[PDB]
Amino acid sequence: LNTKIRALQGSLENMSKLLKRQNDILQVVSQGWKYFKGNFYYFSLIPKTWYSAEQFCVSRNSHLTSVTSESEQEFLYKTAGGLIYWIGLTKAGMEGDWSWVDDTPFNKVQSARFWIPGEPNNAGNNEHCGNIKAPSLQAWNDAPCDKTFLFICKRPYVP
């Protein structure tokens, strides 16, 4: 008999929770940032070298974006919209293994589908950073870290 009121309060409370999330996302997207599945992304307007871009991303409480899933890869290459963007792709260690600067473990197995066919070709033996280039799932290219490009920052949505 009273179970009705309890349930109303409940829907209202869940409604409240969703309004809170949308609001938080809106305040951020309102400031020229993008948003996708738990993360905020910034697509720069000015080109930088890989490291200056990273340094910039850090100054905005984020990192050059990592890619952790196929849906994220697809969001990135689609939002990139034909323009080329530095991402968190960079060689580290004494092995020249690829890595994410934000320290996401690099998924070798899954990443295979994310490279432009033929890349990374390490041209000139001087291509130790990665960018998003092609308008396809197979989007990544290795390029010299000192070349300037637009870049993409990423930081997690946190209540």
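Quick note: we count residues from 1 along the sequence shown, nothing fancier.
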Mind pulling up the entry and telling me whether 92-100 or 61-69 has the higher mean Cα temperature factor? 92-100
Of the two stretches 8-16 and 132-140, which shows the higher Cα B-factor on average in the entry? 8-16
Going by the entry, which of 52, 30, 110, 44 has the most elevated CA B factor? 110
For the chain shown, is the CA B-factor of residue 37 in the lowest, middle or highest third of its modelled residues? highest
On the chain's distribution of Cα B-factors, residue 118 falls within the third called middle
